[PDB]
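As C-alpha coordinates, then:
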(Lines of atoms letter the chains of each structure in order from A and count residues from 1; the text may use other names and numbers.)
(Lines give C-alpha, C1' and ligand atoms only; values in the text may rest on other atoms or scores of the structure.)
Protein backbone atom coordinates (compact mmCIF):
# COMPACT_ATOMS: atom_id res chain seq x y z
CA UNK A 1 0.00 0.00 0.00
CA UNK A 2 0.85 3.72 0.19
CA UNK A 3 4.17 4.50 1.90
CA UNK A 4 6.20 7.63 2.61
CA UNK A 5 9.91 8.03 3.28
CA UNK A 6 11.29 11.06 5.08
CA UNK A 7 15.00 11.86 4.83
CA UNK A 8 16.77 12.76 8.05
CA UNK A 9 19.65 14.85 6.67
CA UNK A 10 23.02 14.53 8.42
CA UNK A 11 24.46 17.86 9.63
CA UNK A 12 27.78 18.87 8.10
CA UNK A 13 30.87 18.68 10.31
CA UNK A 14 33.16 21.61 11.10
CA UNK A 15 36.58 22.51 9.77
CA UNK A 16 39.00 23.76 12.42
CA UNK A 17 42.61 24.94 12.46
CA UNK A 18 45.38 23.10 14.32
CA UNK A 19 44.29 24.62 17.67
CA UNK A 20 40.56 23.94 17.35
CA UNK A 21 39.65 27.41 16.07
CA UNK A 22 36.54 27.03 13.91
CA UNK A 23 37.05 27.83 10.20
CA UNK A 24 33.86 26.44 8.64
CA UNK A 25 30.52 25.46 10.12
CA UNK A 26 26.91 24.98 9.11
CA UNK A 27 23.86 26.74 10.57
CA UNK A 28 21.23 24.32 11.87
CA UNK A 29 17.93 25.73 10.58
CA UNK A 30 14.99 24.00 8.87
CA UNK A 31 12.36 24.46 6.24
CA UNK A 32 9.06 22.95 7.41
CA UNK A 33 7.28 21.13 4.59
CA UNK A 34 3.69 19.91 4.37
CA UNK A 35 2.21 17.20 2.14
CA UNK A 36 -1.23 18.58 1.16
CA UNK A 37 -2.78 15.33 -0.03
CA UNK A 38 -1.63 13.40 3.06
CA UNK A 39 -2.89 16.27 5.23
CA UNK A 40 -6.28 16.05 3.51
CA UNK A 41 -6.47 12.31 4.29
CA UNK A 42 -5.56 12.98 7.97
CA UNK A 43 -7.97 11.89 10.70
CA UNK A 44 -6.85 12.87 14.23
CA UNK A 45 -6.87 10.23 16.96
CA UNK A 46 -8.96 10.92 20.06
CA UNK A 47 -7.05 10.61 23.35
CA UNK A 48 -8.52 7.83 25.50
CA UNK A 49 -7.19 5.44 28.10
CA UNK A 50 -6.33 3.11 25.20
CA UNK A 51 -4.13 5.54 23.25
CA UNK A 52 -2.11 7.05 26.07
CA UNK A 53 -0.25 9.91 24.38
CA UNK A 54 -0.46 8.26 20.96
CA UNK A 55 -3.19 10.66 19.90
CA UNK A 56 -3.94 14.22 18.94
CA UNK A 57 -5.23 16.95 21.23
CA UNK A 58 -5.29 20.71 21.64
CA UNK A 59 -5.55 22.10 25.17
CA UNK A 60 -6.48 18.62 26.38
CA UNK A 61 -9.42 18.13 23.99
CA UNK A 62 -9.93 16.42 20.60
CA UNK A 63 -8.96 18.39 17.50
CA UNK A 64 -12.61 18.35 16.36
CA UNK A 65 -12.10 18.58 12.59
CA UNK A 66 -10.30 16.46 9.96
CA UNK A 67 -7.92 16.85 7.06
CA UNK A 68 -6.08 20.10 6.27
CA UNK A 69 -8.15 21.87 8.88
CA UNK A 70 -6.98 19.42 11.58
CA UNK A 71 -3.31 19.58 10.57
CA UNK A 72 -3.48 23.38 10.44
CA UNK A 73 -4.97 23.63 13.96
CA UNK A 74 -2.27 21.40 15.40
CA UNK A 75 0.51 23.28 13.61
CA UNK A 76 -0.65 26.87 14.04
CA UNK A 77 0.49 27.52 17.65
CA UNK A 78 3.80 25.76 17.09
CA UNK A 79 4.70 27.72 13.96
CA UNK A 80 3.16 30.96 15.28
CA UNK A 81 1.01 31.13 12.17
CA UNK A 82 -2.66 31.57 11.35
CA UNK A 83 -4.64 28.32 11.11
CA UNK A 84 -6.73 29.58 8.19
CA UNK A 85 -3.62 30.33 6.16
CA UNK A 86 -2.02 26.97 6.98
CA UNK A 87 -5.28 25.22 6.12
CA UNK A 88 -5.30 26.90 2.71
CA UNK A 89 -1.71 25.90 1.96
CA UNK A 90 -2.58 22.30 2.88
CA UNK A 91 -5.75 22.36 0.78
CA UNK A 92 -3.89 22.64 -2.53
CA UNK A 93 -3.04 19.77 -4.86
CA UNK A 94 0.18 17.77 -4.84
CA UNK A 95 2.45 16.26 -2.22
CA UNK A 96 4.54 19.32 -1.45
CA UNK A 97 4.16 22.81 0.05
CA UNK A 98 6.48 25.06 2.08
CA UNK A 99 4.81 25.96 5.37
CA UNK A 100 7.63 27.95 6.96
CA UNK A 101 11.28 28.72 6.21
CA UNK A 102 14.18 29.25 8.61
CA UNK A 103 12.74 27.62 11.76
CA UNK A 104 14.87 26.64 14.76
CA UNK A 105 15.85 23.15 15.94
CA UNK A 106 13.61 23.70 19.00
CA UNK A 107 10.55 24.35 16.83
CA UNK A 108 11.46 21.33 14.64
CA UNK A 109 11.44 19.18 17.79
CA UNK A 110 8.08 20.58 18.87
CA UNK A 111 6.60 19.72 15.45
CA UNK A 112 7.79 16.12 15.87
CA UNK A 113 5.71 15.86 19.03
CA UNK A 114 2.50 16.71 17.14
CA UNK A 115 2.34 13.09 15.85
CA UNK A 116 2.05 14.25 12.21
CA UNK A 117 5.03 12.30 10.80
CA UNK A 118 4.73 11.71 7.09
CA UNK A 119 2.45 14.73 6.74
CA UNK A 120 4.81 17.42 7.97
CA UNK A 121 8.61 17.19 7.91
CA UNK A 122 11.71 19.31 8.34
CA UNK A 123 14.32 19.97 5.64
CA UNK A 124 17.73 20.92 7.05
CA UNK A 125 19.16 24.10 5.48
CA UNK A 126 22.71 24.09 4.13
CA UNK A 127 24.01 27.55 4.94
CA UNK A 128 27.80 27.35 5.51
CA UNK A 129 29.64 30.10 7.42
CA UNK A 130 33.37 30.82 7.44
CA UNK A 131 34.15 33.02 10.44
CA UNK A 132 37.54 34.20 9.15
CA UNK A 133 36.13 35.56 5.85
CA UNK A 134 38.92 35.78 3.26
CA UNK A 135 41.50 33.86 5.32
CA UNK A 136 42.70 30.90 3.18
CA UNK A 137 39.42 31.30 1.24
CA UNK A 138 40.23 29.25 -1.84
CA UNK A 139 42.00 26.61 0.22
CA UNK A 140 38.84 26.10 2.30
CA UNK A 141 36.80 26.20 -0.91
CA UNK A 142 33.02 26.04 -0.51
CA UNK A 143 29.82 23.98 -0.72
CA UNK A 144 26.91 24.02 -3.19
CA UNK A 145 23.25 24.72 -2.27
CA UNK A 146 22.86 21.08 -1.21
CA UNK A 147 25.77 21.40 1.22
CA UNK A 148 28.08 19.26 -0.91
CA UNK A 149 31.79 20.25 -0.94
CA UNK A 150 32.74 21.43 -4.45
CA UNK A 151 36.19 23.03 -3.94
CA UNK A 152 39.13 23.06 -1.56
CA UNK A 153 39.12 21.21 1.75
CA UNK A 154 35.27 21.04 1.68
CA UNK A 155 35.57 18.82 -1.37
CA UNK A 156 38.60 16.80 -0.29
CA UNK A 157 37.14 15.99 3.13
CA UNK A 158 33.55 15.82 1.87
CA UNK A 159 32.94 12.18 2.81
CA UNK A 160 34.07 12.76 6.39
CA UNK A 161 32.26 16.12 6.67
CA UNK A 162 28.94 14.98 5.11
CA UNK A 163 28.09 12.05 7.40
CA UNK A 164 25.24 9.73 6.44
CA UNK A 165 21.57 10.62 6.07
CA UNK A 166 18.96 8.67 8.03
CA UNK A 167 15.30 8.15 7.25
CA UNK A 168 11.76 7.38 8.52
CA UNK A 169 9.16 5.34 6.70
CA UNK A 170 5.46 5.97 7.38
CA UNK A 171 2.40 3.96 6.43
CA UNK A 172 0.06 6.72 5.33
CA UNK A 173 -2.41 4.51 3.51
CA UNK A 174 -4.68 1.79 4.89
CA UNK A 175 -2.87 -1.53 4.51
CA UNK A 176 -4.91 -3.15 7.24
CA UNK A 177 -1.80 -4.08 9.27
CA UNK A 178 -0.84 -0.69 10.76
CA UNK A 179 -3.00 2.37 11.35
CA UNK A 180 -2.48 5.40 9.03
CA UNK A 181 0.48 7.50 10.16
CA UNK A 182 2.40 4.61 11.75
CA UNK A 183 6.19 4.88 11.48
CA UNK A 184 7.26 1.33 10.55
CA UNK A 185 10.98 1.86 10.25
CA UNK A 186 13.62 4.44 10.89
CA UNK A 187 17.37 4.78 10.66
CA UNK A 188 19.18 7.56 12.52
CA UNK A 189 21.37 10.04 10.68
CA UNK A 190 25.06 9.99 11.50
CA UNK A 191 26.15 13.62 11.47
CA UNK A 192 29.40 14.59 9.76
CA UNK A 193 32.67 14.37 11.64
CA UNK A 194 34.83 17.46 12.30
CA UNK A 195 38.16 17.97 10.55
CA UNK A 196 41.21 19.57 12.18
CA UNK A 197 43.87 21.02 9.82
CA UNK A 198 47.59 21.29 10.48
CA UNK A 199 47.19 24.93 9.33
CA UNK A 200 47.63 27.51 12.10
CA UNK A 201 45.24 30.46 11.72
CA UNK A 202 47.83 32.96 13.03
CA UNK A 203 50.67 31.76 10.78
CA UNK A 204 48.31 31.60 7.79
CA UNK A 205 47.02 35.10 8.47
CA UNK A 206 50.50 36.59 8.84
CA UNK A 207 51.76 34.83 5.72
CA UNK A 208 48.82 36.19 3.68
CA UNK A 209 49.52 39.62 5.18
CA UNK A 210 53.20 39.41 4.15
CA UNK A 211 52.16 38.47 0.63
CA UNK A 212 49.68 41.36 0.52
CA UNK A 213 52.25 43.85 1.83
CA UNK A 214 54.77 42.43 -0.66
CA UNK A 215 52.32 43.07 -3.50
CA UNK A 216 52.11 46.73 -2.37
CA UNK A 217 55.90 47.01 -2.18
CA UNK A 218 57.02 44.96 -5.22
CA UNK A 219 53.91 44.67 -7.40
CA UNK A 220 54.40 41.01 -8.33
CA UNK A 221 51.75 39.58 -10.65
CA UNK A 222 51.18 37.09 -7.82
CA UNK A 223 52.95 35.52 -4.87
CA UNK A 224 52.59 32.21 -3.04
CA UNK A 225 54.20 31.02 0.21
CA UNK A 226 54.32 27.88 2.29
CA UNK A 227 55.51 27.06 5.80
CA UNK A 228 56.30 23.44 6.70
CA UNK A 229 57.29 21.88 10.05
CA UNK A 230 60.61 20.10 9.45
CA UNK A 231 60.28 17.10 11.72
CA UNK A 232 56.65 16.16 11.04
CA UNK A 233 56.00 17.33 7.48
CA UNK A 234 52.92 19.21 8.74
CA UNK A 235 51.79 22.23 6.74
CA UNK A 236 51.38 25.30 8.96
CA UNK A 237 50.52 27.72 6.16
CA UNK A 238 49.85 27.52 2.42
CA UNK A 239 49.07 30.93 1.05
CA UNK A 240 48.63 33.01 -2.08
CA UNK A 241 48.29 36.74 -2.80
CA UNK A 242 44.75 36.49 -4.18
CA UNK A 243 41.92 37.63 -1.96
CA UNK A 244 38.68 35.62 -1.95
CA UNK A 245 35.93 35.10 0.63
CA UNK A 246 35.83 31.47 1.78
CA UNK A 247 32.74 29.79 0.31
CA UNK A 248 32.24 32.45 -2.40
CA UNK A 249 31.81 31.81 -6.16
CA UNK A 250 35.37 33.12 -6.61
CA UNK A 251 36.69 30.60 -4.09
CA UNK A 252 34.75 27.79 -5.73
CA UNK A 253 35.94 28.89 -9.21
CA UNK A 254 39.38 27.36 -8.86
CA UNK A 255 42.05 26.03 -6.53
CA UNK A 256 44.37 28.37 -4.68
CA UNK A 257 47.24 29.37 -6.94
CA UNK A 258 49.59 27.97 -4.23
CA UNK A 259 48.02 24.53 -4.87
CA UNK A 260 47.89 24.60 -8.68
CA UNK A 261 50.87 26.63 -9.93
CA UNK A 262 53.79 24.70 -11.43
CA UNK A 263 57.12 26.14 -12.57
CA UNK A 264 60.76 25.27 -13.12
CA UNK A 265 62.54 25.63 -9.78
CA UNK A 266 65.75 27.00 -11.34
CA UNK A 267 68.93 27.02 -9.22
CA UNK A 268 67.13 25.71 -6.10
CA UNK A 269 67.05 22.47 -8.10
CA UNK A 270 70.87 22.25 -7.84
CA UNK A 271 70.33 21.09 -4.25
CA UNK A 272 68.76 17.87 -5.56
CA UNK A 273 71.38 17.07 -8.21
CA UNK A 274 74.35 17.86 -5.96
CA UNK A 275 72.94 15.78 -3.14
CA UNK A 276 73.00 12.95 -5.69
CA UNK A 277 76.65 13.63 -6.58
CA UNK A 278 77.72 13.45 -2.95
CA UNK A 279 75.61 10.37 -2.23
CA UNK A 280 77.07 8.49 -5.20
CA UNK A 281 80.57 9.53 -4.19
CA UNK A 282 81.06 11.32 -7.49
CA UNK A 283 82.50 14.27 -5.65
CA UNK A 284 83.14 15.47 -2.12
CA UNK A 285 81.60 18.74 -0.95
CA UNK A 286 84.98 20.45 -0.73
CA UNK A 287 86.33 19.28 -4.14
CA UNK A 288 88.08 22.09 -6.00
CA UNK A 289 87.06 23.25 -9.46
CA UNK A 290 88.16 25.84 -11.98
CA UNK A 291 84.91 27.18 -13.36
CA UNK A 292 85.09 29.28 -16.56
CA UNK A 293 82.08 31.38 -17.51
CA UNK A 294 81.09 29.05 -20.32
CA UNK A 295 81.56 25.40 -21.12
CA UNK A 296 80.81 23.47 -24.28
CA UNK A 297 79.86 19.81 -24.10
CA UNK A 298 78.83 17.65 -27.06
CA UNK A 299 78.20 20.73 -29.21
CA UNK A 300 76.14 22.36 -26.46
CA UNK A 301 77.21 25.59 -24.77
CA UNK A 302 76.24 26.46 -21.19
CA UNK A 303 76.57 29.85 -19.50
CA UNK A 304 76.13 31.26 -16.01
CA UNK A 305 73.75 34.20 -15.49
CA UNK A 306 76.73 36.50 -15.06
CA UNK A 307 80.06 36.93 -16.86
CA UNK A 308 82.90 35.83 -14.60
CA UNK A 309 86.44 34.61 -15.25
CA UNK A 310 87.98 31.24 -14.40
CA UNK A 311 86.76 31.00 -10.80
CA UNK A 312 88.33 28.89 -8.03
CA UNK A 313 85.21 27.42 -6.43
CA UNK A 314 84.65 24.28 -4.39
CA UNK A 315 81.57 22.14 -5.01
CA UNK A 316 79.87 24.03 -2.17
CA UNK A 317 80.80 27.30 -3.92
CA UNK A 318 79.23 26.13 -7.19
CA UNK A 319 75.97 25.86 -5.21
CA UNK A 320 76.48 29.20 -3.45
CA UNK A 321 77.27 30.98 -6.72
CA UNK A 322 74.42 29.32 -8.64
CA UNK A 323 76.89 28.18 -11.31
CA UNK A 324 75.21 26.17 -14.06
CA UNK A 325 78.62 25.79 -15.63
CA UNK A 326 80.06 24.35 -12.41
CA UNK A 327 77.18 21.87 -12.21
CA UNK A 328 77.81 20.67 -15.76
CA UNK A 329 81.49 20.19 -15.03
CA UNK A 330 80.90 18.53 -11.64
CA UNK A 331 78.17 16.25 -12.98
CA UNK A 332 80.36 14.88 -15.79
CA UNK A 333 80.33 11.27 -14.58
CA UNK A 334 76.72 11.26 -13.34
CA UNK A 335 74.72 9.09 -15.77
CA UNK A 336 71.29 10.05 -17.10
CA UNK A 337 69.75 7.33 -14.93
CA UNK A 338 71.45 8.65 -11.79
CA UNK A 339 70.36 12.21 -12.59
CA UNK A 340 66.72 11.14 -13.04
CA UNK A 341 66.85 8.92 -9.94
CA UNK A 342 67.97 11.59 -7.52
CA UNK A 343 65.58 14.22 -8.77
CA UNK A 344 62.71 11.72 -8.68
CA UNK A 345 63.81 10.40 -5.26
CA UNK A 346 63.22 13.90 -3.80
CA UNK A 347 59.55 13.58 -4.81
CA UNK A 348 59.71 15.55 -8.09
CA UNK A 349 57.16 14.42 -10.69
CA UNK A 350 55.09 12.57 -8.08
CA UNK A 351 51.88 13.44 -6.27
CA UNK A 352 52.46 14.95 -2.82
CA UNK A 353 49.78 12.58 -1.56
CA UNK A 354 47.92 15.56 -0.05
CA UNK A 355 45.08 15.08 -2.57
CA UNK A 356 44.32 18.81 -2.83
CA UNK A 357 41.82 19.44 -5.64
CA UNK A 358 43.57 21.04 -8.63
CA UNK A 359 47.02 19.90 -7.53
CA UNK A 360 49.37 18.80 -10.35
CA UNK A 361 52.06 16.10 -10.19
CA UNK A 362 54.45 18.38 -12.07
CA UNK A 363 56.54 17.21 -15.00
CA UNK A 364 59.75 15.21 -15.04
CA UNK A 365 60.40 13.34 -18.29
CA UNK A 366 61.96 9.83 -18.30
CA UNK A 367 65.73 10.02 -18.82
CA UNK A 368 65.68 8.08 -22.09
CA UNK A 369 63.56 10.90 -23.57
CA UNK A 370 66.17 13.54 -22.69
CA UNK A 371 68.37 15.01 -25.42
CA UNK A 372 72.01 16.09 -25.12
CA UNK A 373 71.03 19.49 -23.71
CA UNK A 374 68.17 18.70 -21.32
CA UNK A 375 70.25 15.93 -19.70
CA UNK A 376 72.38 18.84 -18.44
CA UNK A 377 69.80 21.56 -17.71
CA UNK A 378 68.11 19.06 -15.37
CA UNK A 379 71.18 19.54 -13.12
CA UNK A 380 70.20 23.16 -12.52
CA UNK A 381 66.44 23.15 -12.12
CA UNK A 382 65.43 23.48 -15.79
CA UNK A 383 63.33 21.29 -18.07
CA UNK A 384 61.16 19.85 -15.29
CA UNK A 385 58.49 21.52 -13.19
CA UNK A 386 57.40 21.48 -9.55
CA UNK A 387 54.66 22.96 -7.38
CA UNK A 388 55.48 24.79 -4.17
CA UNK A 389 54.62 21.76 -1.99
CA UNK A 390 56.98 19.46 -3.90
CA UNK A 391 59.81 22.01 -3.85
CA UNK A 392 59.30 22.58 -0.14
CA UNK A 393 59.23 18.86 0.65
CA UNK A 394 62.44 18.28 -1.36
CA UNK A 395 64.22 21.01 0.60
CA UNK A 396 62.83 19.56 3.85
CA UNK A 397 64.87 16.42 3.08
CA UNK A 398 68.08 18.39 3.70
CA UNK A 399 66.61 19.87 6.91
CA UNK A 400 65.39 16.53 8.18
CA UNK A 401 68.64 14.52 8.14
CA UNK A 402 68.07 13.11 4.64
CA UNK A 403 64.61 11.69 5.31
CA UNK A 404 61.52 12.60 3.28
CA UNK A 405 58.14 12.37 5.00
CA UNK A 406 54.75 12.49 3.33
CA UNK A 407 53.39 16.00 3.96
CA UNK A 408 50.24 16.39 6.05
CA UNK A 409 47.47 18.96 6.04
CA UNK A 410 44.70 16.96 7.76
CA UNK A 411 45.77 16.55 11.39
CA UNK A 412 42.75 14.78 12.91
CA UNK A 413 39.12 13.79 12.61
CA UNK A 414 36.68 14.03 15.54
CA UNK A 415 33.71 11.65 15.33
CA UNK A 416 30.15 12.14 16.62
CA UNK A 417 31.04 10.61 20.00
CA UNK A 418 33.72 13.28 20.37
CA UNK A 419 36.61 10.88 19.82
CA UNK A 420 39.65 12.56 18.21
CA UNK A 421 41.49 10.30 15.76
CA UNK A 422 44.87 11.62 14.60
CA UNK A 423 45.29 11.21 10.86
CA UNK A 424 48.43 9.99 9.14
CA UNK A 425 49.19 10.46 5.46
CA UNK A 426 49.48 7.39 3.24
CA UNK A 427 52.97 6.24 2.27
CA UNK A 428 56.01 6.16 4.52
CA UNK A 429 59.08 8.12 5.49
CA UNK A 430 61.94 7.19 3.15
CA UNK A 431 65.65 7.88 3.30
CA UNK A 432 66.65 9.94 0.26
CA UNK A 433 70.34 10.50 1.14
CA UNK A 434 72.70 9.69 4.01
CA UNK A 435 72.42 11.95 7.07
CA UNK A 436 76.05 12.95 6.59
CA UNK A 437 75.28 14.05 3.01
CA UNK A 438 72.27 16.01 4.24
CA UNK A 439 74.54 17.73 6.80
CA UNK A 440 77.05 18.76 4.15
CA UNK A 441 74.30 20.13 1.89
CA UNK A 442 72.76 22.07 4.80
CA UNK A 443 76.22 23.53 5.42
CA UNK A 444 76.53 24.52 1.72
CA UNK A 445 73.00 25.99 1.83
CA UNK A 446 73.98 28.05 4.85
CA UNK A 447 76.91 29.41 2.80
CA UNK A 448 74.37 30.03 0.00
CA UNK A 449 72.17 32.08 2.43
CA UNK A 450 75.14 34.12 3.67
CA UNK A 451 75.79 35.07 0.04
CA UNK A 452 72.65 37.30 0.33
CA UNK A 453 72.96 38.40 3.95
CA UNK A 454 73.37 42.08 3.00
CA UNK A 455 69.59 42.11 2.33
CA UNK A 456 68.17 38.78 3.61
CA UNK A 457 68.42 38.52 7.41
CA UNK A 458 66.54 37.24 10.42
CA UNK A 459 68.35 38.81 13.36
CA UNK A 460 69.72 36.20 15.76
CA UNK A 461 69.16 33.22 13.47
CA UNK A 462 71.23 31.22 11.01
CA UNK A 463 69.51 30.29 7.71
CA UNK A 464 70.22 27.66 5.09
CA UNK A 465 68.65 28.69 1.81
CA UNK A 466 68.75 28.73 -1.97
CA UNK A 467 67.43 31.20 -4.54
CA UNK A 468 66.37 30.75 -8.16
CA UNK A 469 64.54 32.28 -11.12
CA UNK A 470 62.83 30.72 -14.11
CA UNK A 471 60.93 31.88 -17.16
CA UNK A 472 57.16 31.37 -16.97
CA UNK A 473 54.19 32.27 -19.20
CA UNK A 474 54.55 35.89 -20.35
CA UNK A 475 51.92 38.26 -18.94
CA UNK A 476 51.01 41.90 -18.38
CA UNK A 477 53.09 43.46 -21.16
CA UNK A 478 56.32 41.75 -20.02
CA UNK A 479 58.06 40.31 -23.08
CA UNK A 480 59.48 37.58 -20.86
CA UNK A 481 58.03 36.79 -17.43
CA UNK A 482 59.97 35.16 -14.63
CA UNK A 483 59.39 33.86 -11.13
CA UNK A 484 61.70 34.56 -8.21
CA UNK A 485 61.80 31.58 -5.82
CA UNK A 486 63.51 31.15 -2.50
CA UNK A 487 63.41 28.40 0.07
CA UNK A 488 64.81 28.72 3.57
CA UNK A 489 65.50 26.26 6.39
CA UNK A 490 65.46 28.00 9.75
CA UNK A 491 67.26 27.97 12.09
CA UNK A 492 70.09 26.21 10.23
CA UNK A 493 71.66 24.84 13.42
CA UNK A 494 68.45 23.14 14.66
CA UNK A 495 66.04 23.21 11.73
CA UNK A 496 62.44 23.91 12.68
CA UNK A 497 60.72 25.25 9.55
CA UNK A 498 61.02 25.36 5.83
CA UNK A 499 59.59 28.46 4.23
CA UNK A 500 59.28 28.78 0.51
CA UNK A 501 58.18 31.86 -1.44
CA UNK A 502 57.53 32.23 -5.19
CA UNK A 503 56.77 35.62 -6.80
CA UNK A 504 55.93 36.29 -10.43
CA UNK A 505 57.54 39.33 -12.03
CA UNK A 506 58.56 41.17 -8.83
CA UNK A 507 59.65 44.81 -9.29
CA UNK A 508 61.91 47.01 -7.17
CA UNK A 509 65.42 47.11 -5.80
CA UNK A 510 65.80 43.34 -5.28
CA UNK A 511 64.72 42.32 -8.78
CA UNK A 512 64.87 38.56 -9.22
CA UNK A 513 65.95 38.01 -5.59
CA UNK A 514 62.81 39.61 -4.12
CA UNK A 515 61.52 36.26 -2.80
CA UNK A 516 64.45 36.18 -0.32
CA UNK A 517 63.50 39.10 1.98
CA UNK A 518 59.89 37.86 1.82
CA UNK A 519 60.86 34.46 3.29
CA UNK A 520 62.82 36.32 5.96
CA UNK A 521 59.79 38.43 6.98
CA UNK A 522 57.87 35.18 7.53
CA UNK A 523 60.93 33.69 9.24
CA UNK A 524 61.15 36.62 11.67
CA UNK A 525 57.49 36.19 12.67
CA UNK A 526 57.91 32.41 13.24
CA UNK A 527 60.96 32.69 15.49
CA UNK A 528 59.10 35.27 17.63
CA UNK A 529 55.77 33.39 17.69
CA UNK A 530 57.28 30.06 18.71
CA UNK A 531 59.95 31.66 20.89
CA UNK A 532 62.72 29.78 19.07
CA UNK A 533 66.09 29.98 20.86
CA UNK A 534 68.66 32.13 19.01
CA UNK A 535 71.29 30.34 16.91
CA UNK A 536 74.75 29.46 18.16
CA UNK A 537 77.80 30.82 16.28
CA UNK A 538 78.68 29.04 13.03
CA UNK A 539 82.01 27.21 13.48
CA UNK A 540 82.16 24.56 10.76
CA UNK A 541 81.66 26.33 7.41
CA UNK A 542 82.74 24.24 4.43
CA UNK A 543 84.92 26.44 2.19
CA UNK A 544 83.24 27.85 -0.93
CA UNK A 545 86.49 28.71 -2.69
CA UNK A 546 90.16 27.77 -2.81
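Residue numbers (the authors' numbering): 55 to 600. Yeah, the Cβ is synthetic: ideal placement off N, Cα and C, and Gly gets one too.
Pick from 193, 458 and 568 that is closest to residue 270, judged by C-alpha positions: 568
Write down the C-beta distance between residue 292 and residue 193 rounded to the nearest angstrom, noting that I regard them as a contact closer than 8 Å. About 6 Å separates the two Cβ atoms, so the contact holds.
For residue 182, write down the residues that DSSP places opposite it in a beta bridge. 80
Whose CA, out of 309, 237, 125 and 394, lies closest to the CA of residue 89? Of the listed residues, the one whose Cα sits closest to residue 89 is 125.
Residue span of the alpha helix (DSSP H) that contains residue 397, given as start and end: First-last of the alpha helix (DSSP H) with residue 397: 390 to 399.
Given this structure, state the Cα-to-Cα distance separating residue 248 from residue 188, to the nearest angstrom. 21 Å
What is the DSSP secondary structure of residue 540, reduced to helix, strand or coil? strand
Whose C-alpha, out of 411, 388, 300 and 217, is nearest the C-alpha of residue 313? Out of 411, 388, 300 and 217, 411 has the C-alpha closest to the C-alpha of residue 313.
Whole runs of the beta strand (DSSP E) within the region 272 to 297, excluding any shorter than 3 residues: 276 to 283 and 289 to 294
Bridge partner(s) assigned by DSSP for residue 189: Paired residue(s): none; residue 189 is not in a bridge.
Using only the alpha-carbon positions, how far apart do residue 253 and residue 282 sit? 10 Å
Collapsed DSSP secondary structure at residue 241 in the structure displayed: strand
For residue 332 versus residue 387, is the C-beta spacing smaller than 7 Å? In this structure, residue 332 keeps its C-beta atom at 7 Å or more from the C-beta atom of residue 387.
Measuring alpha carbon to alpha carbon, tell me which of 98, 136 and 138 ends up nearest residue 120. The shortest Cα separation from residue 120 among 98, 136 and 138 belongs to 98.
Around the Cβ of residue 378, are there at least 16 other Cβ atoms within 10 angstroms (buried) or fewer (exposed)? buried
For the beta strand (DSSP E) containing residue 476, list its first residue and its last residue. Where residue 476 is concerned, the enclosing beta strand (DSSP E) stretches over 474 to 476.
Compare the Cα-Cα distances from residue 91 to each of 59, 208 and 151 and report the closest residue. 151
Starting from residue 367, follow its DSSP beta bridges and name the residues at the other end. 343 and 599
Rounded straight-line distance, which links the Cα of residue 305 to that of residue 117: 52 Å
Relative to the C-alpha of residue 345, which candidate in 330, 361 and 338 has its C-alpha closest? 361
For the putative contact between residue 60 and residue 221, defined by C-beta atoms under 8 Å, what is the C-beta separation to the nearest angstrom? 6 Å
Which one of 295, 447, 55 and 236 has the shortest CA to CA distance from residue 229? 55
Per-residue burial, residue 434 [other beta carbons within 10 Å of its own, 16 or more giving buried]: buried
Only counting runs of 4 or more residues, tell me where the alpha helix (DSSP H) segments fall wholly within the region 476 to 546, in order along the chain. 489 to 504
For the candidate residues 555, 566 and 562, whose alpha-carbon lies nearest to that of residue 535? 566
Out of 186, 324 and 149, which has the shortest C-alpha to C-alpha gap to residue 522? Ranking 186, 324 and 149 by CA distance to the CA of residue 522 puts 324 first.
Classify residue 216 as helix, strand or coil using the three-state DSSP reduction. Helix, per DSSP.
Note down the Cα distance separating residue 70 from residue 455, rounded to an integer number of angstroms. 31 Å
Those residues which DSSP pairs with residue 70 across a bridge: 76 and 250
Report the residue from 233, 516, 137 and 250 whose alpha carbon sits nearest the alpha carbon of residue 75. 250
Decide yes or no for the touch test of the region 366 to 386 against the region 440 to 447: beta carbon pairs closer than 8 Å, at least 3 of them. Contact between the region 366 to 386 and the region 440 to 447 is absent: fewer than 3 CB-CB pairs across the two stretches fall below 8 Å.
Among the candidates 108, 157, 352 and 296, whose CA atom is the shortest distance from the CA of residue 169? Out of 108, 157, 352 and 296, 108 has the C-alpha closest to the C-alpha of residue 169.
Short of 8 Å in beta carbon distance, which residues of its chain neighbour residue 530, apart from the five on each side in sequence? Order them along the chain. 275 and 559
Kindly provide the ranges of any alpha helix (DSSP H) runs that are 4 or more residues long and lie completely inside the region 407 to 474, ordered along the chain. Fully enclosed alpha helix (DSSP H) runs of 4 or longer: 428 to 431 and 442 to 453.
Here's the rule I'm using: 16 or more other beta-carbon atoms within 10 Å means buried, otherwise exposed. How should residue 190 be labelled? buried
Hey, how far is the Cα of residue 174 from the Cα of residue 128? 11 Å
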